[PDB]
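All remarks here apply to the structure that follows.
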Amino acid sequence: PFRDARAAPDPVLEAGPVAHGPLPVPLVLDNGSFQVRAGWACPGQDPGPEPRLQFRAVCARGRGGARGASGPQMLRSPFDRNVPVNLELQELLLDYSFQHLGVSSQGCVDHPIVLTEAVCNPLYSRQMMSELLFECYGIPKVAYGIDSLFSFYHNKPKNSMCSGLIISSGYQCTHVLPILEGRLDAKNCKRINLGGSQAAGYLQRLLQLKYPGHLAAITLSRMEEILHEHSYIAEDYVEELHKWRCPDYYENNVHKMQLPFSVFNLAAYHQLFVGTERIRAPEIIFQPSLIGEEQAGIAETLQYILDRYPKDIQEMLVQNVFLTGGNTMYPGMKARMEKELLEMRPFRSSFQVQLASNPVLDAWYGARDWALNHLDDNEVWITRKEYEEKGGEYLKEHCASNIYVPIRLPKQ
DNA sequence: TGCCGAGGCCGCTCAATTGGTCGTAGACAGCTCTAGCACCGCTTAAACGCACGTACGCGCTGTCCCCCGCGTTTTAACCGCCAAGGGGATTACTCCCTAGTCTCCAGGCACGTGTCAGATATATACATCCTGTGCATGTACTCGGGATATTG
Ligand SMILES: Nc1ncnc2c1ncn2[C@@H]1O[C@H](COP(=O)(O)OP(=O)(O)O)[C@@H](O)[C@H]1O
């Protein structure tokens with residue numbers, strides 16, 4: 001039976017939890033598309049004690065017009081396909097986050113910040129995100145990095161130079177990232193235009209067509225439960241669906257999702273039987289052709305990037321296949337990935353598949369551990385004055401960050 | 001009996017359709033126009049469409065309560081028929097008049113340009129006309145009783 005989600009927690013703090021040693025403790029801000037995750041670096045403690053503000057990245061303002069609201073509670077959100085592209089709907093998302101974390105007082109946030117961004121970020125987008133940050137909030141110095149690569153940095157066996165493929169899958173994108181000597185080989189990195197949002201959207205539209213008698217009973221927040229709790233990824237889809245074909249297996253494995261009641265009441269207050277549907281929603285990232293979409297999918301793409309290298313460095317970078325982010329949470333994901341990988345390697349060769357320690361939070365914990373180390377490496381950060389000579393389309397090439405290129409944007 | 005008378009099958013000859021072959025004449029497809037002026041691309045400052053609670057108007061709804069429907073059959077002539085008669089619609093011919101062709105011939109006017117005006121649009125101020133509302137009676141109605149008209 002379905003549950004309902006929680007809302008409106010009580011995060012309130014003093015003006016700044018400044019510890020011993022250096023006073024400018026940075027904010028660690030994972031600016032996610034599904035949800036934002038934000039908090040103080042809190043140095044000198046091994047386990048990250050409190051990743052506060054776990055909240056959905058969505059805002060309310062309706063037919064009333066005169067007000068808007070920002071916490072977990074018609075709706076809007078600041079992103080287009082995992083790049084932020086909104087003005088004040090970004091501000092009132094930052095404002096919520098700062099106010100609930102506490103801030104000093106004066107006409108700026110006194111603390112430096114580390115902020116996640118898109119695997120590639122359009123130059124205009126980076127420029128705007130820098131302007132909307134330095135101008136309005138007055139931050140002293142800033143760092144941009146990629147969610148996935150922070151999660152890798154967290155999960156590495158050692159704080160040392162590495163190579164691998166990162167497999168990442170968030171709200172509206174999945175990416176395959178080849179990395180060599182700690183550097184993202186962004187020349188031949190690739191992404192797929194699908195993700196967990198689109199899975200839920202498909203599972204919704206399926207069950208709407210299965211039970212037209214009660215369109216209103218099924219809605220995204222209930223699709224979330226069946227997709228998180230009750231769905232799994234096949235080892236081989238055309239074989240799973242084949243064992244699902246016989247009634248004696250079906251009845252033993254179909255999921256009985258009881259709606260809340262007011263004929264045994266199921267003619268409207270149905271038990272929403274999900275069978276094959278609990279496979280067809282996860283599978284979208286491996287076979288986007290279950291939707292209309294003609295793209296290679298996470299299987300053909302991995303082969304298509306992996307055959308663009310010399311045969312020795314393939315055998316190097318496949319030694320660390322890493323799973324992180326959103327959709328990798330499905331049960332069975334490691335097994336499907338390592339089976340699909342076994343067919344596309346030399347007959348006796350070796351590979352290894354690692355799953356992130358906490359697939360959803362390790363991006364933030366990574367950004368924490370990174371900033372807490374690189375406090376004083378002033379070649380890594382963008383300082384407030386640099387933004388006055390370099391127009392905002394500028395970045396500092398540390399590991400776990402997008403590849404910079406010399407370029408400039410006309411503005412007046 | 002008879003005879004034959006009446007009787008039942010098969011090549012000429014003509015008269016539409018049908019399809020074929022002859023040759024020749026504009027009219028169709030196409031080219032090059034060429035030429036130019038519309039389509040487009042490129043900006044601009046622009047109007048008007050459109051996605052979106054809430055007051056709330058009325059579309060739809062649960063009751064009882066009766067005529068007109070619903071059912072029958074007698075009959076009543078309506079409608080159908082067939083057969084006969086008369087002509088008038090029809091057919092086939094001969095004489096006849098003009099429909100149609102072409103050709104010459106003119107100027108009527110429909111065509112076209114050449115200028116630029118009285119026209120009507122658009123704004124601002126505005127007063128006024130017109131709508132929506134609220135509000136008495138006056139009639140057009142439904143009924144009952146009797147006179148006149150008309151059917152059988
Ligand atoms: N436990 C889970 N099982 C399955 N899917 C999950 C789970 N938790 C989150 N997701 C999916 O993860 C996606 C969001 O992941 P996230 O890393 O926050 O995205 P991003 O970094 O792009 O904002 C959502 O589409 C959601 O459906």
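A note on labels: chains of the structure tokens are A, B, ... as shown, every chain counts residues from 1, and ligands are counted from 1 in their shown order.
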Test item: residues no farther than 6 Å from ligand 1, counting only C-alpha atoms (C1' of nucleotides) and all ligand atoms, as a ChimeraX atom specification: /A:32-35,82,170-171,196-197,227-228,325-327,329-330,360
Please produce an output containing N, CA and C atoms for each residue in the selection, written as a PDB file, in the first residue's frame.
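out_26.pdb, written as the output of this step:
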ATOM      1  N   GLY A  32      21.590  20.038  -7.406  1.00  0.00           N
ATOM      2  CA  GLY A  32      20.926  19.041  -8.223  1.00  0.00           C
ATOM      3  C   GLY A  32      19.650  19.529  -8.906  1.00  0.00           C
ATOM      4  N   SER A  33      19.276  18.791  -9.948  1.00  0.00           N
ATOM      5  CA  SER A  33      18.134  19.030 -10.806  1.00  0.00           C
ATOM      6  C   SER A  33      16.865  18.431 -10.202  1.00  0.00           C
ATOM      7  N   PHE A  34      16.991  17.292  -9.525  1.00  0.00           N
ATOM      8  CA  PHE A  34      15.873  16.679  -8.834  1.00  0.00           C
ATOM      9  C   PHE A  34      15.710  17.332  -7.487  1.00  0.00           C
ATOM     10  N   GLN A  35      16.831  17.450  -6.780  1.00  0.00           N
ATOM     11  CA  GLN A  35      16.836  17.983  -5.425  1.00  0.00           C
ATOM     12  C   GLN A  35      18.172  18.694  -5.181  1.00  0.00           C
ATOM     13  N   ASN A  82      19.069  19.473 -16.836  1.00  0.00           N
ATOM     14  CA  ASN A  82      20.223  19.465 -15.927  1.00  0.00           C
ATOM     15  C   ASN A  82      21.201  20.647 -16.072  1.00  0.00           C
ATOM     16  N   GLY A 170      21.198  10.698 -13.466  1.00  0.00           N
ATOM     17  CA  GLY A 170      20.429  11.581 -12.591  1.00  0.00           C
ATOM     18  C   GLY A 170      19.010  11.805 -13.107  1.00  0.00           C
ATOM     19  N   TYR A 171      18.467  12.994 -12.888  1.00  0.00           N
ATOM     20  CA  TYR A 171      17.064  13.209 -13.163  1.00  0.00           C
ATOM     21  C   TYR A 171      16.753  13.119 -14.660  1.00  0.00           C
ATOM     22  N   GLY A 196      15.820   9.198 -14.740  1.00  0.00           N
ATOM     23  CA  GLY A 196      14.764   8.701 -13.862  1.00  0.00           C
ATOM     24  C   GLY A 196      13.447   9.488 -13.922  1.00  0.00           C
ATOM     25  N   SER A 197      13.502  10.765 -14.316  1.00  0.00           N
ATOM     26  CA  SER A 197      12.295  11.526 -14.580  1.00  0.00           C
ATOM     27  C   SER A 197      11.459  10.851 -15.663  1.00  0.00           C
ATOM     28  N   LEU A 227       8.588   2.965  -8.320  1.00  0.00           N
ATOM     29  CA  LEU A 227       9.853   2.991  -9.034  1.00  0.00           C
ATOM     30  C   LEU A 227      11.043   2.865  -8.091  1.00  0.00           C
ATOM     31  N   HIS A 228      10.946   3.346  -6.846  1.00  0.00           N
ATOM     32  CA  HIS A 228      12.012   3.212  -5.857  1.00  0.00           C
ATOM     33  C   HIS A 228      11.982   1.863  -5.126  1.00  0.00           C
ATOM     34  N   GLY A 325      25.056   7.955  -8.809  1.00  0.00           N
ATOM     35  CA  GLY A 325      23.928   8.831  -9.089  1.00  0.00           C
ATOM     36  C   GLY A 325      22.593   8.098  -9.171  1.00  0.00           C
ATOM     37  N   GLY A 326      21.500   8.829  -8.864  1.00  0.00           N
ATOM     38  CA  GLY A 326      20.109   8.471  -9.154  1.00  0.00           C
ATOM     39  C   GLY A 326      19.839   7.013  -9.562  1.00  0.00           C
ATOM     40  N   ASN A 327      19.631   6.762 -10.872  1.00  0.00           N
ATOM     41  CA  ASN A 327      19.103   5.498 -11.359  1.00  0.00           C
ATOM     42  C   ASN A 327      19.954   4.271 -10.987  1.00  0.00           C
ATOM     43  N   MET A 329      20.599   3.194  -8.314  1.00  0.00           N
ATOM     44  CA  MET A 329      20.072   2.656  -7.075  1.00  0.00           C
ATOM     45  C   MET A 329      19.240   1.397  -7.289  1.00  0.00           C
ATOM     46  N   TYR A 330      18.760   1.145  -8.512  1.00  0.00           N
ATOM     47  CA  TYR A 330      17.920  -0.023  -8.772  1.00  0.00           C
ATOM     48  C   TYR A 330      18.623  -1.325  -8.384  1.00  0.00           C
ATOM     49  N   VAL A 360      23.516   8.399  -4.050  1.00  0.00           N
ATOM     50  CA  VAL A 360      22.852   9.691  -4.161  1.00  0.00           C
ATOM     51  C   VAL A 360      23.594  10.783  -3.372  1.00  0.00           C
TER      52      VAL A 360
END
Give me the residues within 12 Å of residue 304 in chain A as a tab-separated table (two decimals) with N, CA, C and O atoms, in the first residue's frame, counting only C-alpha atoms (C1' of nucleotides) and dropping any in the same chain fewer than 6 places off.
chain	number	residue	atom	x	y	z
A	176	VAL	N	28.39	8.75	-19.73
A	176	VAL	CA	29.56	7.89	-19.66
A	176	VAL	C	30.81	8.75	-19.74
A	176	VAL	O	31.06	9.36	-20.79
A	178	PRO	N	34.86	8.81	-19.59
A	178	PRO	CA	36.19	8.20	-19.51
A	178	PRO	C	37.17	9.17	-18.87
A	178	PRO	O	37.28	10.31	-19.32
A	188	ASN	N	35.94	12.94	-25.97
A	188	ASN	CA	35.24	11.73	-26.42
A	188	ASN	C	34.30	11.14	-25.35
A	188	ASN	O	33.78	10.03	-25.46
A	189	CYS	N	33.99	11.91	-24.31
A	189	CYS	CA	32.87	11.65	-23.43
A	189	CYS	C	31.50	11.78	-24.14
A	189	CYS	O	31.40	12.48	-25.14
A	190	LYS	N	30.46	11.05	-23.67
A	190	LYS	CA	29.14	11.05	-24.29
A	190	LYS	C	28.02	10.94	-23.22
A	190	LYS	O	28.22	10.36	-22.15
A	191	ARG	N	26.82	11.47	-23.56
A	191	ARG	CA	25.64	11.34	-22.71
A	191	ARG	C	24.38	10.95	-23.47
A	191	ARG	O	24.28	11.09	-24.69
A	295	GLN	N	18.55	6.53	-29.75
A	295	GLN	CA	19.89	6.74	-29.26
A	295	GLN	C	20.43	5.42	-28.74
A	295	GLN	O	19.69	4.49	-28.44
A	296	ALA	N	21.74	5.38	-28.59
A	296	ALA	CA	22.45	4.13	-28.48
A	296	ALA	C	22.11	3.45	-27.15
A	296	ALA	O	22.14	2.20	-27.04
A	297	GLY	N	21.81	4.20	-26.12
A	297	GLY	CA	21.59	3.48	-24.87
A	297	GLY	C	22.90	3.09	-24.17
A	297	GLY	O	23.97	3.15	-24.74
A	298	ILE	N	22.83	2.75	-22.88
A	298	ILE	CA	24.01	2.71	-22.03
A	298	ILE	C	24.94	1.56	-22.41
A	298	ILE	O	26.08	1.51	-21.98
A	314	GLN	N	42.47	0.76	-23.25
A	314	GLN	CA	41.16	0.18	-22.96
A	314	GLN	C	41.26	-0.68	-21.72
A	314	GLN	O	40.45	-0.50	-20.81
A	344	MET	N	31.53	-7.77	-24.46
A	344	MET	CA	32.22	-6.78	-25.29
A	344	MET	C	33.70	-6.58	-24.87
A	344	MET	O	34.30	-5.49	-24.92
Near chain A, 12 Å: chain B residue rows, closest pairs, only C-alpha atoms (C1' of nucleotides), as a Markdown table:
| residue | atom | partner | partner_atom | distance |
| --- | --- | --- | --- | --- |
| B:51 | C1' | A:63 | CA | 10.2 |
| B:52 | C1' | A:63 | CA | 6.3 |
| B:53 | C1' | A:63 | CA | 6.2 |
| B:54 | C1' | A:63 | CA | 10.2 |
Produce a file of the selected residues containing N, CA, C and O atoms (P, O5', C5', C4', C3', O3' and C1' of nucleotides), as a compact mmCIF listing (two decimals), in the first residue's frame.
# COMPACT_ATOMS: atom_id res chain seq x y z
P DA B 51 -2.39 27.68 -23.76
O5' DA B 51 -2.09 27.42 -22.19
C5' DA B 51 -0.74 27.64 -21.70
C4' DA B 51 -0.75 27.79 -20.19
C3' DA B 51 -1.57 26.78 -19.41
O3' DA B 51 -0.97 26.55 -18.14
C1' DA B 51 -2.58 28.94 -19.27
P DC B 52 -1.73 25.72 -17.00
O5' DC B 52 -2.52 26.85 -16.17
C5' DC B 52 -1.79 27.63 -15.20
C4' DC B 52 -2.75 28.55 -14.49
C3' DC B 52 -4.07 27.88 -14.08
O3' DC B 52 -4.47 28.24 -12.76
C1' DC B 52 -4.47 29.88 -15.18
P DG B 53 -5.73 27.56 -12.03
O5' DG B 53 -5.72 28.15 -10.51
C5' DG B 53 -6.81 27.84 -9.60
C4' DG B 53 -6.94 28.91 -8.54
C3' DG B 53 -7.98 28.63 -7.47
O3' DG B 53 -7.84 29.57 -6.41
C1' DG B 53 -8.81 30.27 -8.84
P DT B 54 -8.96 29.83 -5.28
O5' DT B 54 -10.22 30.59 -5.97
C5' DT B 54 -10.11 32.01 -6.27
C4' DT B 54 -11.45 32.56 -6.71
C3' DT B 54 -12.66 32.07 -5.91
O3' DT B 54 -13.56 33.16 -5.76
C1' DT B 54 -13.02 31.64 -8.19
Please identify the alpha helix (DSSP H) residues within range 111-232 of chain A (assignment by DSSP from backbone atoms) and present them as a ChimeraX atom specification. /A:123-137,147-155,196-210,220-229
Choose the residue, out of A:56, A:100, A:3, A:411, that has the smallest atom-to-atom separation from residue 259 in chain A; count only C-alpha atoms.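 Of A:56, A:100, A:3, A:411, the one nearest residue 259 in chain A is A:3, counting only C-alpha atoms.
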What residues in range 79-299 of chain A get the DSSP label strand (DSSP E)? Please answer as a ChimeraX atom specification. /A:79-80,83-84,113-117,141-146,164-169,174-180,183-184,190-192
Okay, now the selection with C-alpha atoms, as an mmCIF file, in the first residue's frame?
data_model
loop_
_atom_site.group_PDB
_atom_site.id
_atom_site.type_symbol
_atom_site.label_atom_id
_atom_site.label_comp_id
_atom_site.auth_asym_id
_atom_site.auth_seq_id
_atom_site.Cartn_x
_atom_site.Cartn_y
_atom_site.Cartn_z
ATOM 1 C CA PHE A 79 16.531 23.737 -14.825
ATOM 2 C CA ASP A 80 16.309 22.751 -18.463
ATOM 3 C CA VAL A 83 21.578 22.980 -16.755
ATOM 4 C CA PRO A 84 20.116 25.889 -14.648
ATOM 5 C CA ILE A 113 31.566 27.889 -1.838
ATOM 6 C CA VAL A 114 31.956 24.687 -3.862
ATOM 7 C CA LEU A 115 29.149 24.167 -6.383
ATOM 8 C CA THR A 116 28.191 21.279 -8.735
ATOM 9 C CA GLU A 117 27.567 21.923 -12.439
ATOM 10 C CA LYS A 141 35.927 32.749 -3.831
ATOM 11 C CA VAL A 142 34.144 29.994 -5.808
ATOM 12 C CA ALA A 143 34.791 26.445 -7.096
ATOM 13 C CA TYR A 144 32.900 24.533 -9.809
ATOM 14 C CA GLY A 145 33.009 20.714 -10.110
ATOM 15 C CA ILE A 146 31.010 17.770 -11.489
ATOM 16 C CA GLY A 164 38.205 4.690 -15.069
ATOM 17 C CA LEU A 165 34.795 5.034 -16.725
ATOM 18 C CA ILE A 166 32.150 6.794 -14.654
ATOM 19 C CA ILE A 167 28.558 5.694 -15.271
ATOM 20 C CA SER A 168 26.194 8.404 -13.992
ATOM 21 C CA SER A 169 22.388 8.678 -14.154
ATOM 22 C CA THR A 174 22.918 9.666 -17.986
ATOM 23 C CA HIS A 175 26.595 10.124 -18.903
ATOM 24 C CA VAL A 176 29.560 7.887 -19.659
ATOM 25 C CA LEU A 177 32.759 9.651 -18.570
ATOM 26 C CA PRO A 178 36.186 8.201 -19.514
ATOM 27 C CA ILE A 179 38.906 9.564 -17.196
ATOM 28 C CA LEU A 180 42.709 9.260 -17.681
ATOM 29 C CA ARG A 183 41.620 14.172 -16.177
ATOM 30 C CA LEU A 184 38.184 13.907 -17.823
ATOM 31 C CA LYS A 190 29.136 11.048 -24.290
ATOM 32 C CA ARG A 191 25.643 11.340 -22.707
ATOM 33 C CA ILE A 192 22.156 9.928 -23.189
#
Would you please work out which residue, of A:139, A:95, A:122, A:317, is nearest to residue 108 in chain A when using only C-alpha atoms? A:139
Pairwise distance, CA of residue 31 in chain A with CA of residue 231 in chain A, equals 26.9 Å
Just the number, please: distance in Å from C1' of residue 67 in chain B to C1' of residue 141 in chain B, one decimal.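 About the pair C1' of residue 67 in chain B and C1' of residue 141 in chain B: they are 21.5 Å apart.
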At a cut-off of 10 Å, using only C-alpha atoms (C1' of nucleotides), what residues contact residue 253 in chain A? Leave out same-chain residues fewer than 2 positions from it and give the result as a list in words.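 In the requested form, the answer reads residues 244, 247, 248, 249, 250, 251, 255, 256, 274, 275 and 276 of chain A.
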Keeping N, CA, C and O atoms for every residue in the selection just given, could you write it to a file as a short mmCIF file (atom, residue, chain, number, x, y, z; two decimals), in the first residue's frame?
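Okay, again.cif is ready:
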data_model
loop_
_atom_site.label_atom_id
_atom_site.label_comp_id
_atom_site.auth_asym_id
_atom_site.auth_seq_id
_atom_site.Cartn_x
_atom_site.Cartn_y
_atom_site.Cartn_z
N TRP A 244 8.27 -14.03 -17.18
CA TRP A 244 7.03 -13.35 -16.80
C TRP A 244 5.81 -13.74 -17.66
O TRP A 244 4.69 -13.33 -17.37
N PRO A 247 1.42 -17.74 -16.32
CA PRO A 247 0.59 -17.29 -15.20
C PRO A 247 0.99 -17.71 -13.79
O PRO A 247 0.80 -16.94 -12.85
N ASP A 248 1.57 -18.90 -13.66
CA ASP A 248 2.00 -19.44 -12.37
C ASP A 248 3.22 -18.71 -11.79
O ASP A 248 3.40 -18.66 -10.58
N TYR A 249 4.07 -18.15 -12.66
CA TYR A 249 5.14 -17.26 -12.22
C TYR A 249 4.57 -15.87 -11.98
O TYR A 249 4.94 -15.23 -11.00
N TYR A 250 3.69 -15.40 -12.88
CA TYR A 250 3.12 -14.07 -12.80
C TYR A 250 2.46 -13.81 -11.45
O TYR A 250 2.81 -12.84 -10.77
N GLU A 251 1.52 -14.68 -11.04
CA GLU A 251 0.77 -14.46 -9.82
C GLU A 251 1.68 -14.45 -8.58
O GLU A 251 1.39 -13.78 -7.59
N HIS A 255 3.05 -7.28 -8.42
CA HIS A 255 2.93 -6.45 -7.23
C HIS A 255 1.54 -5.81 -7.12
O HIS A 255 1.06 -5.15 -8.04
N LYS A 256 0.96 -6.00 -5.92
CA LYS A 256 -0.38 -5.60 -5.51
C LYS A 256 -0.28 -4.25 -4.77
O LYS A 256 0.01 -4.21 -3.57
N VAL A 274 0.96 -4.36 -10.95
CA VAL A 274 2.14 -4.12 -11.77
C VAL A 274 2.94 -5.42 -11.93
O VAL A 274 3.37 -6.02 -10.95
N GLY A 275 3.06 -5.86 -13.19
CA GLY A 275 3.83 -7.03 -13.58
C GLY A 275 5.01 -6.60 -14.42
O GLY A 275 5.93 -6.02 -13.90
N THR A 276 4.93 -6.83 -15.74
CA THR A 276 5.92 -6.41 -16.72
C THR A 276 6.33 -4.92 -16.60
O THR A 276 7.48 -4.56 -16.90
#
From the options A:42, A:257, A:233, A:290, which residue's atoms come nearest to residue 336 in chain A, counting only C-alpha atoms?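 Closest candidate: A:233.
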Report as a ChimeraX atom specification all protein, DNA and RNA residues lying within 9 Å of range 266-268 of chain A, evaluated on only C-alpha atoms (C1' of nucleotides), omitting residues in the same chain fewer than 5 positions from it. /A:211,213-214,258-259,261
Write a file of the selected residues as a PDB file, in the first residue's frame, keeping N, CA, C and O atoms.
ATOM      1  N   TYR A 211      -5.801   1.784 -16.463  1.00  0.00           N
ATOM      2  CA  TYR A 211      -6.985   1.981 -15.631  1.00  0.00           C
ATOM      3  C   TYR A 211      -7.635   3.350 -15.861  1.00  0.00           C
ATOM      4  O   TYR A 211      -7.605   4.187 -14.954  1.00  0.00           O
ATOM      5  N   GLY A 213     -10.413   4.468 -15.616  1.00  0.00           N
ATOM      6  CA  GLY A 213     -11.480   4.695 -14.649  1.00  0.00           C
ATOM      7  C   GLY A 213     -11.065   5.607 -13.490  1.00  0.00           C
ATOM      8  O   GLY A 213     -11.935   6.188 -12.827  1.00  0.00           O
ATOM      9  N   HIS A 214      -9.745   5.737 -13.248  1.00  0.00           N
ATOM     10  CA  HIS A 214      -9.231   6.566 -12.165  1.00  0.00           C
ATOM     11  C   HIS A 214      -7.842   7.128 -12.482  1.00  0.00           C
ATOM     12  O   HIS A 214      -6.890   6.921 -11.723  1.00  0.00           O
ATOM     13  N   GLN A 258      -2.193  -1.480  -3.357  1.00  0.00           N
ATOM     14  CA  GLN A 258      -3.522  -1.098  -2.869  1.00  0.00           C
ATOM     15  C   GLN A 258      -3.648   0.427  -2.776  1.00  0.00           C
ATOM     16  O   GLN A 258      -2.929   1.052  -1.997  1.00  0.00           O
ATOM     17  N   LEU A 259      -4.567   1.020  -3.557  1.00  0.00           N
ATOM     18  CA  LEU A 259      -4.947   2.401  -3.342  1.00  0.00           C
ATOM     19  C   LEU A 259      -5.744   2.530  -2.037  1.00  0.00           C
ATOM     20  O   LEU A 259      -6.321   1.550  -1.552  1.00  0.00           O
ATOM     21  N   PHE A 261      -8.951   3.098   0.069  1.00  0.00           N
ATOM     22  CA  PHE A 261     -10.397   2.990  -0.114  1.00  0.00           C
ATOM     23  C   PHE A 261     -11.129   4.262   0.342  1.00  0.00           C
ATOM     24  O   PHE A 261     -10.566   5.120   1.023  1.00  0.00           O
TER      25      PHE A 261
END
Between CA of residue 221 in chain A and CA of residue 7 in chain A, what is the spacing in Å?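 That distance, rounded to one decimal, is 12.7 Å.
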